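Reading through the structure tokens given below for one structure.
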Amino acid sequence: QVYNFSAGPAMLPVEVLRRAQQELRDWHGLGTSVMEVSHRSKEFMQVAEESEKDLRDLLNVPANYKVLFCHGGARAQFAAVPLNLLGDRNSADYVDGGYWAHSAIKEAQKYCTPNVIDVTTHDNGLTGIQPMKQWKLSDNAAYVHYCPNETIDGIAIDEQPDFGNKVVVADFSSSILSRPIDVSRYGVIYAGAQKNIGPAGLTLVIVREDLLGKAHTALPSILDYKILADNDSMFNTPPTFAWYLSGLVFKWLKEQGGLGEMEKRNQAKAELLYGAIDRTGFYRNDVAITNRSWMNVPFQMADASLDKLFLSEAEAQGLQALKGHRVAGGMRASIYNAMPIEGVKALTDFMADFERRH
Amino acid sequence: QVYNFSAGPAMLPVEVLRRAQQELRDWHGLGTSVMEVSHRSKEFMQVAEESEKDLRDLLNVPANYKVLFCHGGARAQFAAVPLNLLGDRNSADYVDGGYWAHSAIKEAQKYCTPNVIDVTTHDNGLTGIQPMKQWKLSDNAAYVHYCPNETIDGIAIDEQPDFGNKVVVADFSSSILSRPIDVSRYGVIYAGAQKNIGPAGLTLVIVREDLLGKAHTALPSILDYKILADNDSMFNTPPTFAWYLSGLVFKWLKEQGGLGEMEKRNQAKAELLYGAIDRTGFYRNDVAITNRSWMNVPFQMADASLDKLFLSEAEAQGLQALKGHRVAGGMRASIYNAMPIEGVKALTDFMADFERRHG
Ligand SMILES: *Cc1c(COP(=O)(O)O)cnc(C)c1O
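If you're matching them up, the sequences are chains A and B in order.
Using the entry's author numbering, the letters of the first sequence map in sequence onto residues 3 to 360.
Using the entry's author numbering, the letters of the second sequence map in sequence onto residues 3 to 361.
Written out as structure tokens, the structure reads:
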């Protein structure tokens with residue numbers, strides 16, 4: 003039995019993949035794949051509408067937000083955000099609490115002079131994040147940009163933002179759909195599809211409508227929020243298979259009880275794994291408890307000379323893609339929505355009996 | 003049997019789809035889909051390298067061109083072309099002979115003041131194109147941009163360019179890999195994958211290496227050819243499944259005998275279908291002989307009030323997605339690489355039966 007702990011692209015719900023396999027060649031009796039049909043067919047149109055509706059229901063998006071499906075991954079959004087949003091102004095506030103937040107800053111430097119606010123705390127060797135209340139924001143920022151779940155670091159910011167009428171932008175790539183969020187606190191939420199949804203080549207953007215209409219002329223059109231909104235995300239040919247699949251994944255999410263039920267399953271999973279790490283000195287995670295990601299769980303061995311053996315023996319027991327980042331070394335288990343608790347139990351059994359042996 | 007004449011997204015080769023179906027859930031024995039793994043895995047990196055290599059061999063790409071796999075579709079290249087290539091030049095030459103070449107112009111207006119050369123001819127009701135010899139090009143232009151196959155109009159420019167040290171950019175979306183081309187005559191070739199590869203969500207860009215490094219600062223990194231090239235199209239997460247499938251397409255092309263065999267097959271398929279249109283007054287095509295696309299074949303009926311019955315009866319026989327464009331009405335058959343001659347035959351047999359009835 004195989005479990006795939008890959009950080010992105012990532013496991014898809016087993017049931018979504020089964021259904022997709024089933025209809026790969028004959029979709030809805032048409033004798034063609036979903037992949038070979040026009041995005042303007044009645045049939046694809048339905049997928050496009052059902053999936054927007056299903057997403058609004060799951061996350062409870064208000065009517066004043068546009069729901070866009072975009073080419074280009076989240077790194078496109080690192081450019082598309084400043085281009086759409088800078089408006090008449092000359093910078094925005096960028097909250098820097100890890101790699102991906104840093105990445106966005108580095109692209110922002112093409113379009114502005116980003117005000118880099120470092121938010122990382124280091125109390126007792128543990129790494130955490132400053133409370134929002136003390137973040138040193140500008141009066142003049144076009145917006146405030148932050149990453150609520152840092153996929154490499156295993157650091158989440160769980161608190162909802164309650165800033166002014168400041169425009170908040172959040173890269174939710176690696177934790178979107180993991181629990182409910184209060185969409186109304188946000189200007190833009192974006193997420194590359196390939197992590198906590200699963201399929202690569204699609205990016206989700208959710209945009210408050212009043213923010214449209216101020217995009218810079220240099221912004222290529224396929225990344226213009228207004229243009230996408232005016233064309234129901236079909237200004238050009240969309241990544242249709244990816245969109246159909248994300249639609250399957252929204253269906254599956256509703257079958258499971260929605261994001262209230264995802265929150266419970268995901269807390270249960272994280273507590274299991276973090277528990278297995280914390281019971282013993284043999285493994286270590288050095289993120290502050292309050293800021294621990296449920297989605298991405300990095301960890302190291304007291305004795306790092308065992309990493310390779312740990313990874314090879316895990317893989318032989320079917321536990322795949324657990325290699326950590328170069329900097330930390332050690333391990334990272336990403337345990338997204340698709341990952342059932344039995345997946346995580348298999349990993350922690352394995353961790354236990356690896357410590358027994360060595 | 004179903005045959006699917008959709009213009010884009012389009013039919014994939016049947017054998018590619020039977021293979022993908024069989025490994026959808028357990029690829030390579032790993033117990034997982036190719037959709038579910040790192041783009042930085044040895045397994046996916048092997049896919050990436052092989053695909054690039056099979057492409058180079060199929061088209062005979064020379065050593066000094068980069069092969070890039072990109073997000074965004076060809077509409078993204080309408081911006082990515084000017085931003086990558088303008089340098090300190092104010093304008094670029096835009097050859098205009100139809101819809102898709104027109105669309106490139108409007109996007110380029112964001113970045114430059116394009117020089118719009120109207121290249122269409124009109125003789126007898128027959129639409130055609132000026133030979134490249136007489137194209138009124140410009141000396142100060144950053145490059146020349148044209149579309150050798152206009153998907154909606156059914157108009158192709160077969161002539162390979164022979165301009166001097168001018169940089170030629172071409173939108174080969176609807177005919178890349180239909181036949182051999184002399185890649186050395188171009189600066190940039192690009193193509194959305196959804197047609198004559200077939201899989202949507204990936205775009206091909208072939209760029210002469212010396213053209214890299216003049217990118218404007220405003221260009222989003224994911225669209226910067228030099229960045230793509232420096233990172234082998236894995237600057238960000240690629241459309242893994244799409245790229246894989248394209249790779250299957252490349253292998254399939256190789257098993258069929260390469261682009262020289264495609265040319266013969268595609269020739270014979272067009273000849274059959276244009277044969278069915280020409281031999282009777284019931285169907286019509288108003289594109290000059292010399293400019294007739296082999297890939298997209300619009301055509302109308304003498305009596306346009308049969309259109310619905312025709313489309314409807316064709317569908318009942320397994321012939322799908324043949325509706326034309328509304329300016330023209332009538333029909334359009336796209337008959338890309340994946341489509342076998344048998345497919346085109348069922349359409350011409352159908353066309354004959356229908357004319358027999360209602361003619
Ligand atoms: C992976 C990741 C990105 C980059 O995603 P791409 O789709 O490869 O551009 C950005 N932000 C976060 C939090 C991520 O995990």
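Backbone N, C-alpha and C define an ideal beta-carbon position, used for all residues, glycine too.
Between residue 37 of chain A and chain B, is the shortest Cβ-Cβ distance under 8 Å, so that the two count as touching? Locating residue 37 of chain A in the first sequence gives position 35, counting from the first residue. Yes - at least one Cβ of chain B is within 8 Å of the one on residue 37 of chain A.
Thinking C-alpha only, which one of A:304, A:360 and A:149 is nearest residue 284 of chain A? The sequence position of residue 284 of chain A within the first sequence is 282, counting from 1. Of the candidates A:304, A:360 and A:149, the one whose C-alpha sits nearest the C-alpha of residue 284 of chain A is A:304.
Leaving out the 5 sequence neighbours to the left and right, which residues in its chain are closer than 8 Å to residue 63 of chain A when beta-carbon positions are compared? As a working mapping, residue 63 of chain A is identified with position 61 in the first sequence. Once the five neighbours on either side are set aside, the close Cβ partners of residue 63 of chain A are 57, 69, 185 and 208.
For a test of the three-state rule: what should DSSP assign to residue 104 of chain A, helix, strand or coil? By 1-based counting over the first sequence, the position of residue 104 of chain A is 102. Three-state DSSP puts residue 104 of chain A in a helix.
Taking 7 Å as the cut-off, is the beta-carbon of residue 12 of chain A closer than that to any non-hydrogen atom of ligand 1? Translated into positions along the first sequence, residue 12 of chain A becomes position 10. Checking every heavy atom of ligand 1 against the Cβ of residue 12 of chain A, none is found closer than 7 Å.
Residues near residue 195 of chain A in its chain [Cβ-Cβ closer than 8 Å; skip 5 each side]: Position 193 of the first sequence, counted from the start, is the residue given in the question as residue 195 of chain A. Closer than 8 Å at the Cβ level, and outside the excluded window around residue 195 of chain A, lie 201, 202, 203, 204, 205, 206, 244 and 248.
Closer than 8 Å, CB to CB, is residue 319 of chain B near chain A or not? For this step, residue 319 of chain B is matched to residue 317 along the second sequence. Not one chain A Cβ lies under 8 Å of residue 319 of chain B.
Apart from the five residues just before and just after residue 375 of chain A, which ones in its own chain have a Cβ nearer than 6 Å to its Cβ? The question about residue 375 of chain A has no answer, for chain A in this structure spans 3 to 360.
Where do the N-terminal and C-terminal ends of the alpha helix (DSSP H) with residue 314 of chain A fall, by residue? Position 312 of the first sequence, counted from the start, is the residue given in the question as residue 314 of chain A. 309-318 is the extent of the alpha helix (DSSP H) around residue 314 of chain A.
Counting only beta-carbon separations shorter than 8 Å, does residue 19 of chain A have a partner in chain B? Numbered from its first residue, the first sequence carries residue 19 of chain A at position 17. Nearest CB-CB separation between residue 19 of chain A and chain B: below the 8 Å threshold.
Is residue 238 of chain B a contact residue of ligand 1, with contact defined as CB to any heavy atom under 7 Å? Position 236 of the second sequence, counted from the first residue, corresponds to residue 238 of chain B. Yes; taking the cut-off as 7 Å, the Cβ of residue 238 of chain B has a heavy atom of ligand 1 nearer than that.
Are the C-beta atoms of residue 81 of chain B and some chain A residue less than 8 Å apart? As a first step, residue 81 of chain B must be located in the second sequence, where it is residue number 79. Cβ-Cβ to chain A under 8 Å: yes for residue 81 of chain B.
Verify whether the separation of the beta carbon atoms of residue 50 of chain B and residue 250 of chain B is less than 8 Å. Translated into positions along the second sequence, residue 50 of chain B becomes position 48. Translated into positions along the second sequence, residue 250 of chain B becomes position 248. Cβ distance not < 8 Å, so residue 50 of chain B and residue 250 of chain B don't count as in contact.
How many Å lie between residue 183 of chain B and residue 336 of chain A at the Cα? Position 181 of the second sequence, counting from 1, holds the residue named residue 183 of chain B. Position 334 of the first sequence, counting from 1, holds the residue named residue 336 of chain A. Approximately 46 Å, taken between the alpha carbons.
Can you say whether residue 48 of chain B is buried or exposed, counting buried as having 16 or more other CB atoms within 10 angstroms of its CB? Locating residue 48 of chain B in the second sequence gives position 46, counting from the first residue. Looking at its Cβ environment, which holds fewer than 16 other Cβ atoms inside 10 Å, residue 48 of chain B is exposed.
Over what stretch of residues does the alpha helix (DSSP H) that includes residue 368 of chain B continue unbroken? Since the first and last residues shown for chain B are 3 and 361, residue 368 of chain B lies out of range.
Residue 48 of chain A in three-state terms, based on DSSP: As a working note, residue 48 of chain A is residue 46 in the first sequence. The answer is helix: DSSP assigns residue 48 of chain A an H, G or I state.
Out of B:197, B:343, B:275 and B:261, which has the shortest C-alpha to C-alpha gap to residue 294 of chain B? Taking the first residue of the second sequence as position 1, residue 294 of chain B is located at position 292. Ranking the options by Cα distance to residue 294 of chain B, first place goes to B:275.
Taking the alpha-carbon positions, what's the residue 165 of chain A to residue 119 of chain A distance? Counting from 1 along the first sequence, the entry for residue 165 of chain A is found at position 163. Counting from 1 along the first sequence, the entry for residue 119 of chain A is found at position 117. Their backbone Cα atoms lie some 16 Å apart in a straight line.
Taking contact to mean 3 or more Cβ pairs, one atom from each stretch, closer than 8 Å, check whether the stretch 209-216 of chain B and the stretch 258-265 of chain B are in contact. no
Three or more C-beta pairs below 8 Å linking the stretch 170-184 of chain A and the stretch 27-39 of chain A: no
Residue 149 of chain A: CB within 7 Å of a non-hydrogen atom of ligand 1: In the first sequence, counting from the first residue as 1, residue 149 of chain A sits at position 147. Under cutoff, so the answer is yes.
Can you find a heavy atom of ligand 1 that lies under 7 Å from the Cβ of residue 98 of chain A? Residue numbering aside, residue 98 of chain A sits at position 96 when the first sequence is read from its first letter. No, since every heavy atom of ligand 1 falls outside the 7 Å radius drawn around the Cβ of residue 98 of chain A.
Using the three-state DSSP reduction, which class does residue 292 of chain A fall into: helix, strand or coil? Stepping through the first sequence from its first residue, residue 292 of chain A is reached at position 290. It is helical.
Under three-state DSSP, which class holds residue 26 of chain B? For the purposes of this step, residue 26 of chain B is taken as the residue at position 24 of the second sequence. In the structure shown, residue 26 of chain B falls within a coil segment according to DSSP collapsed to helix, strand and coil.
Could you compute how far the alpha carbon of residue 2 of chain A sits from the alpha carbon of residue 138 of chain A? Outside the shown range of chain A, which is 3 to 360, sits residue 2 of chain A, and nothing can be said about it.
Give the residues from the stretch 103-132 of chain A that approach chain B closer than 8 Å (Cβ to any Cβ), ordered along the chain. 109, 112 and 113
Using a beta-carbon distance below 8 Å, is residue 224 of chain A in contact with chain B? Within the first sequence, numbered from 1, the residue matching residue 224 of chain A stands at position 222. Yes - at least one Cβ of chain B is within 8 Å of the one on residue 224 of chain A.
For residue 72 of chain A, write down the residues that DSSP places opposite it in a beta bridge. By 1-based counting over the first sequence, the position of residue 72 of chain A is 70. A:205.
Kindly list the residues whose CB is nearer than 6 Å to the CB of residue 322 of chain A, restricted to its own chain and excluding five residues on each side of it in sequence; keep chain order. Numbered from 1 along the first sequence, position 320 holds the residue referred to as residue 322 of chain A. Same-chain partners within the cutoff: 6.
Rounded to whole angstroms, what's the CA-CA distance from residue 307 of chain B to residue 280 of chain B? Just pull it up for me. Position 305 of the second sequence, counted from the start, is the residue given in the question as residue 307 of chain B. Position 278 of the second sequence, counted from the start, is the residue given in the question as residue 280 of chain B. The straight-line gap from Cα to Cα measures roughly 20 Å.
Selection of the stretch 3-17 of chain A by Cβ proximity to chain B, strictly under 7 Å: Per Cβ criterion, the list reads 4, 6, 8, 10, 11, 12, 13 and 14.
Candidates B:97, B:310, B:344 and B:60, of which the one nearest residue 143 of chain B by Cα: Taking the first residue of the second sequence as 1, we reach residue 143 of chain B at position 141. Of the listed residues, the one whose Cα sits closest to residue 143 of chain B is B:97.
Could you name the residues of the stretch 191-210 of chain B whose beta carbon sits closer than 8 Å to any beta carbon of chain A, in the order they occur along the chain? 194, 196, 200, 201, 202, 203 and 204
For the stretch 312-344 of chain A, list every residue whose C-beta sits within 8 Å of some C-beta in chain B, in sequence order. 320, 322 and 323
Kindly give me the distance between the Cβ atoms of residue 152 of chain A and residue 101 of chain A, rounded to whole angstroms, as I take these residues to be in contact under 8 Å. The residue labelled residue 152 of chain A in the question sits at position 150 within the first sequence. The residue labelled residue 101 of chain A in the question sits at position 99 within the first sequence. That pair is a contact at about 6 Å.
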